[PDB]
6 protein chains.
Amino acid sequence: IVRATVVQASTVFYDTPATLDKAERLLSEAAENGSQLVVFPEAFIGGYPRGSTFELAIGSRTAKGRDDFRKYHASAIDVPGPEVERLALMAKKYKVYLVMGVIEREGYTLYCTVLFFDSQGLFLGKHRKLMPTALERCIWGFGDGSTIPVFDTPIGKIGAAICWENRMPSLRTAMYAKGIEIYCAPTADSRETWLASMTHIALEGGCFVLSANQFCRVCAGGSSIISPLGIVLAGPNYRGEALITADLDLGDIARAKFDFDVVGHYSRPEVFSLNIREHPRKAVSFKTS
Amino acid sequence: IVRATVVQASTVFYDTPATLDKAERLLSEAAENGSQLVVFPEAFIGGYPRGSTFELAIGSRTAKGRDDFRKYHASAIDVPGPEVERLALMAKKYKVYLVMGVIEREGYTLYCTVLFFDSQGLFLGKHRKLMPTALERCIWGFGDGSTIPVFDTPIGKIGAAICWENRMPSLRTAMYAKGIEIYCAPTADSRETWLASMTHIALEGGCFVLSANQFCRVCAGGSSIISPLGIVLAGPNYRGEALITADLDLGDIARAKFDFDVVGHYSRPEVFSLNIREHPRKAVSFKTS
Amino acid sequence: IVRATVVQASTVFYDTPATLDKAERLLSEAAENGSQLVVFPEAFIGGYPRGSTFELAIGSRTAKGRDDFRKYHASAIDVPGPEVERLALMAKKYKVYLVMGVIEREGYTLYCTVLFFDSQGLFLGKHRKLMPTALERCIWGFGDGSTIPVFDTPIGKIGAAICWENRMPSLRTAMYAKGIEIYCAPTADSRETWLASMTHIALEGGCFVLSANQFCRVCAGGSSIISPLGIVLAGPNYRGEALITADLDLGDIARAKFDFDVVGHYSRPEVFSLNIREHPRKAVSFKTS
Amino acid sequence: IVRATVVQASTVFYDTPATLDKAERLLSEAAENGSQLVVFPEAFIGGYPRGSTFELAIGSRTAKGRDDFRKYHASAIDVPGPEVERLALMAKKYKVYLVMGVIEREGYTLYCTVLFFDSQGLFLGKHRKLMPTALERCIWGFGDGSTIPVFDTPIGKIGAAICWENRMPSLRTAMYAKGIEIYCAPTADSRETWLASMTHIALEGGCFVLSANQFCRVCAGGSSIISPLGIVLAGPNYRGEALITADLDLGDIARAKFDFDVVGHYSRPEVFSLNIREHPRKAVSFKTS
Amino acid sequence: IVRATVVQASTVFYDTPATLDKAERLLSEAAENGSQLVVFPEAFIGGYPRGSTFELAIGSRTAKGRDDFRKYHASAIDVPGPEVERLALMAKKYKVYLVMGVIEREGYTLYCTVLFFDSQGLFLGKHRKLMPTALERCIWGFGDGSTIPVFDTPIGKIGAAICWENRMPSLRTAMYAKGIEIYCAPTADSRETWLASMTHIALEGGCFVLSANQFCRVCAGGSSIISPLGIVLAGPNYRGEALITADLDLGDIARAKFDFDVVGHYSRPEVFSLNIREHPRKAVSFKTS
Amino acid sequence: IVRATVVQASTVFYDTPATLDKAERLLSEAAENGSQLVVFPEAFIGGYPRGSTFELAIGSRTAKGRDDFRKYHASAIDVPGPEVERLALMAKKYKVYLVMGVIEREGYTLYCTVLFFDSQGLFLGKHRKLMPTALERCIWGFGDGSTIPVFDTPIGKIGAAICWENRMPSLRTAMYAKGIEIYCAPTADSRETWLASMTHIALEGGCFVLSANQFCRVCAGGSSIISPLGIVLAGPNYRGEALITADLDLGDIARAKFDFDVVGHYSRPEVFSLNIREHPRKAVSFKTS
């Protein structure tokens, strides 16, 4: 039986060493009451460009999109480097698990990834985004299949997903076949229908849906946490930014998979069959002796 | 641009020629205002045994389960026969499309199927249930893959699903790959979470979710109809049995698939790949010349 | 709800018009109490050669097998002919159904067949024996697949089998796939294990096992009748020859197929699959215009 | 010429390391007289939930079925793991063959399997149950075709079956086509008709039917052992729990298949033909390089 | 039980009313001892041209083949006409069956046919020759399939064949499928191997092989009669011309078909299958109203 | 132009490695004079049970048939295995062709087959028996159509047949249509009529009839060899066992098919037509991926 927290804070949107101390003070203030798992929202370190259109008509490419793009590119990180050693030391000083929504660069590209840290300051892995939604295709990149993780912990098996990857059926039935029961899902939209889109995943799974959205200035995000029977523990606080916590009874899953039970004993293997191609494909591959 | 109706009535649970005239009078009363598509709930003709347990401990099989089962078996139909000719003549007299939730027999078995009729009194086909949920396994049967239909009409493409087949991800992404935009879904549960489980399918698709539940005596079912942007047109009437109608603008789908667009241009074919085995398999196959 | 009788009498073994009047007097004496279905044993008209070996070493063929074989061949019938018109007139005078174990000839061969008559004196068909057992191969013939009948009556569906065709699994699961619920089985062995070999078919089916054996002078045959729950109604009378009757409640089948239910909803079609080749194959086929 | 034993003991129904030492002391007490093959009943390690109904009406799902199901799920094993290494070491210390009825888990499911061990402590394979009977469908799982084993030993060829798979004709004529002559069949019912249902398999085969049922507190099971001529060697001891042994003359099979001889020289291939589809089908299949 | 005679006489080779009285005096001399079936040799009325080659090199066609052919053509008969009325009156005056080897004409062709008469002077039918052997192709004609007869009599079923049609396997297994047990076979060769070629047909059938050859001046023909067990009753008289008789026990066939039994219960219909096309085909067919 | 030998020896009837060295010493003693083709009799390796009746009345089945059958079953071979590798090495050491009459087992059945070996120790194929004759049906098995071979060699085309398959007309006209001109025919009867039954096949074919029978202690078999004009080269030696040889002029076939010529230019295709169904049919057919 564990207990987990989510946050709802926002970034200062520029100069990423300034927003990295907010993470320190909030994670300590969440650590003061014996918390054990902390989830941060989407694009909390790199920043999420809202409202701007970069002046893209069809391919006119005016001069006030280029300077805007290079000022946005100059505020991203790269893993592993000097910017994740501070977060590893942050999560290492005491006992807490840590997922984190950052934005990485790799040679003048931008991938909207997410990170995973354990209680001993190790770097488990990362999960890049499969496909950006509508206009984020112009600036971000596509992820491959050799990134979806397993990540078993001594408090259960934790996974992740980003904003509009929760709507795919195939990716969720690829997550369910590995045994996820703590299903973190950061996002960056604020609508009323998001709660009704999460309750379906909570019923279809057996997993504690544990989301997080950010609040800034008005695009008022609402985060929550849902039991695997459709029971909202801590409600959708639309009012301000705060810390949101609840307890997680891990004996409430084997009593919840008595009814439905996805990729076991439903999902008839004699008629349906899925297979995922998971190859680490890269364009140019050097080889020496 | 069409308009469609659902019903919420119940059966008399015994003596199926008596409940077949309720269908006549309700379908005419729904036809008086120029309706064009009528959806009936799950197990409306055969009857839905609620509350009874048939006295099944682990395999004790007391004598008061056998007489109950034969009295229930004596009130089912068989297709095609004298019981569907009356429904074909019912839908043939004027212009209406008709889906219908019945229970068929085939040599001392019970399949929970669903029927499809056009405006000219033809019998298009049927869709048996893939797997019953928990205790219905003791009395009902399993369906195969060679039953999931396409059924294009001159008002669009219509499909169906039953109570807990809407929770599978693989069956819904097999329905979406054929091009369903009017997604009928009869059911026989009455909970609050069913509306939030339908809104996710309405967003993930692009289809007019058009459900129907029954109301009897208290297991108060609530039926509804949902636009493909998450807009409930006619609300979940939990109060009594009535007729529920709305209009369906078929120009609200190509403007709804500008954002998401499942099995096209999302659902990356380079990493995921699904294939459905659809063979009409039967146990004993006679062959002559 | 019907009632059926079996007999246990023997033949006079020679001169077949003499044994054809015993059939008349026994069938009238069974008809005096409102009986409706009468079953006669195996080889009741032609005769069953017991004890004789025809002096066959390996192919020595002494002279005292040939005269014995021609004296046995001179006491068989041929269908349809003057010998079945008398049985049709016998069953036509009042209302009774009739199965009958005879031996037919067809050009110096001997087939151990069985006959079927309705209440109006019609000749429905016949069912030849698939393969004789051990030493009967020397004198009898092999049957083909285009003989296994359906024979629906207005009191149910009746079929048949002979002595050691009840031990094949494939022939019984070919009988079950047509819907037999009154499973007549004449035989010509008298052992203790035959009752335990019939109770398994009564459980595996759902059919009223209705057997008949003959008693002569000591090879004391015992006939019986078994409910589809394993309930012997009229016992195995090993003592003398008599008439044996019981009643048949046809509402005791849909309550018996609640548990097991062969070729429906057991017998998984996704893994097993049987197919029967049923062609009327004959050696020399004349064709004209 | 070998000799084999069966047991009739029961489990302590909870806390599976406690019931695993009863197996040790009984298997040594059976090993003291030079035994060579030991058969344990159905669900001897995981436990067989008798009498409880889990409060399932039609889908009401009250709270006192969930805690009962999770307390039952917390007492199952998983293969291969730390619980079968002790049984391999148990059968390895001296010379004995071992079949064993356990219950395995695989990600919050329950399969009612059976195990096979040789005299050298190797793990040959397993045979999951094809379909549970009536109410066990609510908790257990369905097996596929790629599990039915051959398992030739230097004392003959051994196979298995579970409670109501012995009533299928197709599965038994799929077992017979591989050459089974020691046909183990654990079960968990106690009726009088089970002996008469086993004698038919003993005649139809040529195999030593070697069953085992459990006795607890009254559901008094009776185990036995049957020669391939219909000769009960050690009787159906309905009184208490004990050890039951006999000798097995393996020269009593080629003299028993002189009469009948299934899938050889009976079972006419020109008319009947069976084919079994045996594919290891699984829902989600990962593939890498 | 009948008795039959064959003859061995020769023709006067020219002027066919002269050789027609030899038939009268020989048939009366054979009728004096209560005979019942008389067989005459091949080409007894028309004449058999022996030794002459007609001077045919490859197509030189010298003048001394034409006059020889017209002198041979001027000594043939035509059926039905004034030449068969005398034979019908010959066989009508008392009780005898009659087969007869003649040569018919039909518009400047020559067919080597055979005739059949009963005890009442009726004309049953005829059997033309299928194909002449080597050099007879130059003068004779080919027969069709619509000529092979059945001809049941009140002393059995009689058929026929000519010189080298007894060597075909297909024609003999087309004769056997109609039920021939008195198998007449006229011929016109005189070799030692003919007796060994007839004994095989007598064993393969079950029929009384009853042949006849002619003796003239030295081409000494030898006729015989063979039981269906390989027992020559009246021997091959190579010395002169005479009358040859024996008795025919018709109870020696059902004791002879206990061993072999062609087109019944041998001749596996599941692998072999023969079909004979029997259409009365003619070149020019007039049709009127 | 080749030369061929037959043998007439007998088996020691028990313990088949003892009778396998007689084959070695006789085949070398036949190889000393430049022989090229060696034919062994019917059932030379497995043994031919003569005189015994196994005590079969009609189905009494006394105890002294079972032990006799298992002692006979324990002396048969199985192909391909360790018993044919020695014969392949036997025929491989020098140049000789080899046909051989053995008895094979396949899972407690007995098939009376025949084998074929070339000069290089290869295993060409086998020809099982189509149907056993009268009493051999009780112990042996039926062959299918997918076994009749072609087997062209660089000395001609060789085929085979067994005891009473030479009497069928359809099987011989199926052998003739493949082009057999060396027609081996082992047998196990000793009568006078067998020579007259072989001379007909020698005339009807064009093939060197090359038979072989065994001699033991009195059932004195007589083997021979026949030219395709009806000329016995080496006579029917009824006296003792010996080696019998002759020469085979292969230019004596195209001069023998000038007269008759079966399935060419006789056997009128416009009226007769045969077709053979040749499918490898088996009862239970496993299929995997």
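Chain F residue numbers are taken from Swiss-Prot; in order, the displayed residues are 35-251, 276-347.
Positions of Cβ are set from backbone N, Cα and C atoms, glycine also.
As written in Swiss-Prot, here are the features:
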- F:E76: active site, proton acceptor (ACT_SITE)
- F:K163: active site, proton donor (ACT_SITE)
- F:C197: active site, nucleophile (ACT_SITE)
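Secondary structure at the residue listed as 'active site, nucleophile', taken from DSSP and collapsed to helix, strand or coil, is coil. Classification of F:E76 (active site, proton acceptor) by DSSP places it in coil, neither helical nor stranded. Here F:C197 (active site, nucleophile) is positioned 8 angstrom away from the residue listed as 'active site, proton acceptor', judged by their C-alpha atoms. Flanking an unmodelled stretch of 24 residues, F:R251 and F:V276 have Cα atoms 6 Å from one another. The Cβ of F:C197 (active site, nucleophile) has 21 other Cβ atoms within 10 Å, all protein chains considered. If you take the C-beta of the residue listed as 'active site, proton donor' and look for same-chain residues 6 or more apart in sequence within under 8 angstroms, you find F:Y145, F:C146, F:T147, F:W174, F:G177, F:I196, F:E199.
For the recorded site, F:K163 (active site, proton donor), the DSSP three-state label reads coil.
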